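J.: Quick one, what's the 3D model for this:
(chains A, B, C, D, E, F, G, H, I and J)
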4 protein chains.
Amino acid sequence: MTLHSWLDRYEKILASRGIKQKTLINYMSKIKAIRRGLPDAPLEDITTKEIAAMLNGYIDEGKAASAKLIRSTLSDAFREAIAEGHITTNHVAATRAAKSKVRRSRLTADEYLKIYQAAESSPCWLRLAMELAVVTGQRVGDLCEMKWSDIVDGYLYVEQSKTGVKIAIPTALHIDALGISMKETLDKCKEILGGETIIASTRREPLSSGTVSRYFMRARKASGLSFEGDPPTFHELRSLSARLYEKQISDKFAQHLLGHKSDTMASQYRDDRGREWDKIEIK
Amino acid sequence: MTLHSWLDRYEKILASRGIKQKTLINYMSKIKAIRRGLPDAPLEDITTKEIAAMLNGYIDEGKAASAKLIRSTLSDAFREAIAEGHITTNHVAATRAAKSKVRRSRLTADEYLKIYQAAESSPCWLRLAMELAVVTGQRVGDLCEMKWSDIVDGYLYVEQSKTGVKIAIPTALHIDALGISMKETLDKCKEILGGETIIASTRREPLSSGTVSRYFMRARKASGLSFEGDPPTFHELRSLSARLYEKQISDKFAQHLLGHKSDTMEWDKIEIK
Amino acid sequence: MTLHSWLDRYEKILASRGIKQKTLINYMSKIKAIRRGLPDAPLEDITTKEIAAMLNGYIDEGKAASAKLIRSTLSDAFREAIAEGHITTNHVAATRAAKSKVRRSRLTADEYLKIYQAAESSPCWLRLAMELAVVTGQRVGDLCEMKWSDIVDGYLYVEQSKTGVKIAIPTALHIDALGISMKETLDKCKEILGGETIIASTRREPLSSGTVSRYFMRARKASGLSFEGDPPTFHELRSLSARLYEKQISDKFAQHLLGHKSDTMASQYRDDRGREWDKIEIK
Amino acid sequence: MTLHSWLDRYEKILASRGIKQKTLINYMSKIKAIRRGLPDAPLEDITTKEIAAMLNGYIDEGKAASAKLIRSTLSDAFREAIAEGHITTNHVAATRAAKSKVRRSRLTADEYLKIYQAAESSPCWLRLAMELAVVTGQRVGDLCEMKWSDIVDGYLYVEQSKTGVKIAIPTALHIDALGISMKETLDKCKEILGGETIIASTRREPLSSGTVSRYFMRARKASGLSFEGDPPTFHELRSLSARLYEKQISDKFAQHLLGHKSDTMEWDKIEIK
DNA sequence: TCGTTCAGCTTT
DNA sequence: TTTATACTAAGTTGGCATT
DNA sequence: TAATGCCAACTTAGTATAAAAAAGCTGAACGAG
DNA sequence: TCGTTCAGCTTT
DNA sequence: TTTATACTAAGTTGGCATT
DNA sequence: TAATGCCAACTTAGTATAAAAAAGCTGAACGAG
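T.: Numbering: from 1, shown residues only, chains lettered A, B, ... in the order given. You can find the structure just below:
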């Protein structure tokens, strides 16, 4: 049939995949792009060349990431059109997914200390959010949803929203390199913040993970540090955590703590992407 | 030749397949849905487009589960047709399978107790069945056919109808959370129920599994409980059983009692090691 | 091109896959069958119907196993013809692999005892081969290649020929159910057999695993036992071993001993295929 | 347009790709093999049959490794052509990749020692390089560029040219099996070799990695040793290093020293548990 | 009888 | 070797029927 | 009556397989005793 | 300022 | 989530060349 | 001379990705102070 008409149908299909809200939002945005990019002509007649032209359009503006996702979504949409008997061949499969390297810079312990310090004039919860993150290795989304009720007998219970992974973290952790004590930290969060969520606003209410990430970014700018390519973000406290615990305790610990069943993912958080010189220990 | 003339030939093939009556019946029904869902056109002319159109018709009515099974069958009949070369291509293959999350809700020990209470208006066998179903964790079809002679020197022998699994359950088991003694439950059965089968109708004869199920369902409604997704069914007493024994004794045990030939059917403590 | 000509070419390809000798022998036999079964016509023109006809031919003689393998080999041969630009579509893929259930009957401990006893008038090594097999769970091929030099400090070292799996078996094993002691058994093999291979001939030479299997079969017939479908074979001492150790020690032990990384395989050796009633233990 | 007119366009694309000179050179060579292996016909007319024919030509000469890489490149150039729609289909895709087992043989500590002995007729730097290569486990290209200034407070800093990995090796390591002291080996280097790079030519200047390799190869022959499959090469001193450290210290350590961002590059004791 | 290889099948 | 899928054989329940 | 079955159209749930590779099984014919 | 949602991008 | 494959960037060495 | 490089055509070896799903990042515009 026709592309835009099929994309209308395609959305409905997604509405039935049982994917999470954020996932659907992401997909919708890719389709919207596909609508502006490609004509409303018979699917059978949409050429690899035309598809190629658009993607290159995004690649040329430096939006390789966007290109790669858009290409994926279109592709899958064709696979569904094929699965419903409209097309018969995937004109996208012949394309090559745009190759792009991660621009975001990793964060070194020192940088963390400068920022942590720069976050002086920031809402009291920032520093706390920061410490809790590095000492636990949990994503910010999960971080901001932890409730005091998830702590039972010295262990903090976490069910990662993104992966479903379940872990019990001992409140006895410590980041010797940064002088951070999980327990001491949770105690400052209990008094100074007091809320049902371990991390809370000045009004004792839970925060949106986007806000926490937003303030980290400001404190970062407030630090005056410079980086190659893109700046480190809040999420980077996760690899930092992994790399720090790596050298302090062990690979496996880092791997279990971050909730990485796979090694492809673990060896990735373990990478500093050239930020520093790895001083090899005879351990 | 034609779709329907073929569905006709296809049936007779299945009949020779060597499967159980129920399976065959399951198949026949899928075929009929196809008969009422597609034209009696030449196999060669039946489009993926058309097939999907039918398969979506079911999905739209939320009958995803059925869409999947009908698709499955359709493809099988087409393959058989290609074997006999009535066609060259299987147009069902390009179609995707509707994925569907089970909606049936689980049963918690508190609810069981609550349901057991509403059972009072029910025949006495409903309760004994429920109790027996949680303590022995067997399928309803297998419960309904247990005979007193299957018990020997403290063991209830069961050859599961669905999978052929053969097990010997020790008549000493006991569900702690619900206070059920397989010995006491069996005893009540022999004195109250009277018949050659452990579970038995008022007419002192074996009960149909469709009935046990149906009467439990009555009690469930009668209890007024509410659930998310579809309501728990008699078959859920088997999962409550699995889960309970899982904790009381062991996960390994829950498996052997239910009799799964696999391990196919959580919280990681992080040690500072 | 032409089928028989392509099959000639196809063999060469296999000669380059780096597969083991036995594997190549198996493949050759499937091709030979494909040669008798199908004409020497253009690949493009060999119909699913013709392919179907042959396979059904084998299925009707009760050689479902043969059908399924033959179908596989042909299929792969088409995939290679397709990969070299002769054909373009796999006329076999549309076929359905013949469905067949294992005919070989499992072996119960009692049956093992009757046979073991029946193997009285058998060469002294049989009984030994039998005990060593059940107490170790190793395949007969590996069994007959074990050298006294593979035992170091109470552990028997095994590198499975078929899988590459490596395990060190403690000479301290015991099959309480059959009254079999690995150590006692290895000792009888040392004196009574004396050879470089732990299992040896009356002339102190290694045996072919086919022979050991052959004598077990005779002792079996000599036992007078009857079975549904096909009789148990020597290999069945492996599942027996697994099922026995299952109830005596644990699932995992059985799983590690037999060298099964996967659970699909482990839960399979664990199955008795209806031979007996599984008396459930409260463990 | 035509295969060769395209290979021409294709090259300029690769040139803009942002890869290292050596990579680009690797690519150019594959292209030339293609130029001499296929007609300068219209892309549309180039068959899978033909491509395979060429790819097998290499396989037959036992150059499987090359067959694979040429195929890989060919497909990339075709994809780029489809992007610009000079074609609709990639006829390389249907072709399969030649799988090839590495034939190069490993190096054992006894052989290293034996080779080290034949090295006596070789420049003094060959030995120091060998020693340095086993104790530091770095790639030959990275060894040849180590400067004395990369050492600070007991650490040799290395930024691996191939992968960008940055490491600080402690100048206290020691290979037991071969009696090598990184401290003593470095010391011999400064007194005997003289130059800004730790390893250095007679002319007191940096050596090419192709040379170190080539002279080790000479010694290997000169030693008269024999191996299965191809003979071990200088790069094998890195594996001997990995393996030795694996046992002496730890597998984890062997990994960090070689600097692998992964764990990608045996005997299970059975406990009666 | 003790033992081995070739073949066409079945299992893992 | 293992995850997704194809086969199998249930179990669930509204309506109408048998006892 | 109530207590129970049976049909039918749905939804669940237990197992075996896929792919390739590499065994294992055992009738025959053969070799040294 | 403390905080939140919408969007179009980048990462995991 | 993970195994196979596509990209990258070496390293190996015979011949011929530079110093 | 020897000691070393350089080209070229091969063989090896280190990493990032695939697929889909589900985040995370942060400019804007907006809301209560």
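J.: Get me the contact residues on the stretch 151-283 of chain A for DNA strand I.
T.: A:163, A:165, A:259, A:260, A:261, A:262, A:264, A:265 (CB under 7 Å from any atom of the strand). The C-beta positions use only the backbone N, C-alpha and C, and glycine is treated the same way.
J.: what's the burial count for the fifth one?
T.: Using other CB atoms under 10 Å in any protein chain shown, the number of residues around residue A:261 comes to 11.
J.: what's the closest non-adjacent residue to it?
T.: residue A:165 (7.3 Å; CB to CB, 6 or more residues apart in numbering or on different chains).
J.: do the same with the fourth one
T.: Closest residue to residue A:260 apart from its sequence neighbours, by CB to CB, 6+ apart: residue A:266 at 4.4 Å.
J.: Count the residues that sit near the one you found.
T.: With other CB under 10 Å as criterion, residue A:266 counts 21.
J.: how about the residues of the stretch 1-150 of chain A that lie near DNA strand J?
T.: A:17, A:19-23, A:26, A:68-69, A:72, A:75-76, A:79, A:97, A:99-101, A:139-142.
J.: from those, which would you call buried?
T.: By neighbour count, with 16 or more other CB atoms under 10 Å in any protein chain shown, those hold A:68, A:69, A:75, A:76, A:139, A:140, A:141, A:142 as buried.
J.: show me which of those residues neighbour chain D.
T.: Near chain D, taking CB under 8 Å from any CB of the partner chain as the test, no member of those is found.
J.: from those residues, which is closest to DNA strand H?
T.: Taking CB to the nearest atom of the strand as the measure, residue A:69 is the one of these closest to DNA strand H, at 5.7 Å.
J.: measure that closest one to residue A:246 for me?
T.: 31 Å (CB to CB, to the nearest Å).
J.: next one: residue A:36
T.: Counting by CB to CB - residue A:36 and residue A:246 are separated by 44 Å.
J.: More neighbours: these two, which one.
T.: Of the pair residue A:36 and residue A:246, residue A:246 is the one with more neighbours under other CB under 10 Å, namely 18 against 7.
J.: Surely that one and residue A:271 touch.
T.: No: under the criterion of CB atoms under 8 Å, residue A:246 makes no contact with residue A:271, lying 10.4 Å away.
J.: count of residues packed around the residue nearest to residue A:261?
T.: Other residues close to residue A:165 by other CB under 10 Å number 16.
J.: quick one, what contacts it?
T.: Applying CB atoms under 8 Å, 6 or more residues apart in numbering or on different chains, we find residue A:165 in contact with A:159, A:259, A:261, B:268.
J.: Quick check: the two most widely separated of those residues?
T.: A:159 and A:261 (14.5 Å; CB to CB).
J.: Grab the most central residue of chain A for me.
T.: Geometric centre of chain A, nearest residue: residue A:235, 6.3 Å, by CA atoms, centre = their mean.
J.: before we move on, what SS does that one have?
T.: Assigned with DSSP: H, G, I helix; E, B strand; the rest coil, residue A:235 falls in the helix class.
J.: That one touches residue A:142, doesn't it?
T.: No: contact criterion CB under 8 Å: residue A:235 and residue A:142 do not qualify, at 11.8 Å.
J.: Can you give me the domain assignment for chain A?
T.: Following curated CATH domains, one finds the domains of chain A at A:2-101, A:104-283.
J.: how many other residues sit next to residue A:133?
T.: Quick note: residue A:133 (other CB under 10 Å) scores 24 neighbours.
J.: so which strand or helix has it?
T.: helix A:125-136 (DSSP states H and E).
J.: right, is that helix up against DNA strand H?
T.: Yes: with CB under 7 Å from any atom of the strand as the criterion, DNA strand H is reached by helix A:125-136 at residue A:125.
J.: Would you mind identifying the next helix or strand past that helix?
T.: Counting by DSSP H and E, what follows helix A:125-136 is helix A:140-143.
J.: May I have that following helix exported as CSV, CA atoms only?
T.: The C-alpha trace of helix A:140-143 is given here as CSV (Å, rounded to 0.1, in the frame of the first residue of the first chain):
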residue,chain,number,x,y,z
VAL,A,140,19.6,7.5,37.8
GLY,A,141,16.1,6.3,36.9
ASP,A,142,16.3,3.5,39.5
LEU,A,143,18.2,5.8,41.9
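J.: Centre of the chain to that helix, how far?
T.: Distance of helix A:140-143 from the chain centroid (CA atoms, centre = their mean, to the nearest Å) equals 10 Å.
J.: Skip ahead from that helix and say which helix or strand is next.
T.: Next along from helix A:140-143, by DSSP H and E: strand A:151-152.
J.: now the strands for the stretch 151-283 of chain A?
T.: Ranges of strands in the stretch 151-283 of chain A, per DSSP state E, counting those that start in this stretch, are A:151-152, A:155-159, A:166-170, A:174-175, A:180-181, A:278-279.
J.: would TSV of the ones you listed with mean neighbour count be doable?
T.: Shown next, in TSV, are those (neighbours: other CB atoms under 10 Å in any protein chain shown):
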stretch	mean neighbour count
strand A:151-152	12
strand A:155-159	19
strand A:166-170	18
strand A:174-175	20
strand A:180-181	19
strand A:278-279	15
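J.: any chance of these in TSV, with distance to DNA strand J too?
T.: Output for these, formatted as TSV (distance: least, CB to the nearest atom of the strand, whole Å):
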stretch	distance to DNA strand J
strand A:151-152	20
strand A:155-159	11
strand A:166-170	14
strand A:174-175	19
strand A:180-181	19
strand A:278-279	11
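J.: OK, contacts around residue A:87?
T.: Contacts of residue A:87 by CB under 8 Å, 6+ apart are A:43, A:44, A:78, A:81.
J.: To clarify, my last question referred to residue A:230.
T.: Applying CB under 8 Å, 6+ apart, the residues near residue A:230 are A:103, A:104, A:105.
J.: What's the nearest residue in the stretch 101-250 of chain A when you look at chain D?
T.: residue A:250 (8.5 Å; CB to the nearest CB).
J.: what's the burial count for that residue?
T.: 15.
J.: do the same with residue A:204
T.: 11.
J.: That one contacts residue A:192, doesn't it?
T.: No: Residue A:204 lies out of contact with residue A:192 (CB under 8 Å); the separation is 10.6 Å.
J.: mind listing what's buried in stretch A:244-259?
T.: A:244, A:245, A:246, A:249, A:251, A:253, A:254, A:255, A:256, A:257, A:258, A:259.
J.: circling back: tabulate the residues of the stretch 151-283 of chain A next to DNA strand I (CSV), appending distance to DNA strand H.
T.: Output for these, formatted as CSV (distance: CB to the nearest atom of the strand, whole Å):
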residue, distance to DNA strand H
A:163, 9
A:165, 12
A:259, 10
A:260, 9
A:261, 13
A:262, 11
A:264, 10
A:265, 7
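J.: Filter the residues you listed down to the ones in helices?
T.: A:264, A:265 (DSSP state H).
J.: Looking at the contacts of residue A:87, which is nearest DNA strand I?
T.: residue A:78 (19.8 Å).
J.: Quick check: chain neighbours aside, which residue is closest to the closest one?
T.: residue A:90 (4.6 Å).
J.: Quick one: neighbours of the one you found, just the number.
T.: So residue A:90, with other CB under 10 Å, has 17 neighbours.
J.: Next, work out how far apart it and chain D are.
T.: Using CB to the nearest CB, to the nearest Å, we find residue A:90 at a distance of 12 Å from chain D.
J.: need the contact list for that residue.
T.: Contacts of residue A:90 by CB under 8 Å, 6+ apart are A:75, A:78, A:79, A:82.
J.: How about the secondary structure of the closest residue to the third one other than its chain neighbours?
T.: Translated: residue A:79. Leaving aside its chain neighbours, residue A:79 sits nearest to residue A:90 (6.2 Å; criterion: CB to CB, 6+ apart). Under the three-state scheme (three-state DSSP), residue A:90 adopts coil.
J.: Let me see the backbone angles for residue A:90.
T.: Dihedral pair for residue A:90: phi -90, psi 100, per degrees, to the nearest 10.
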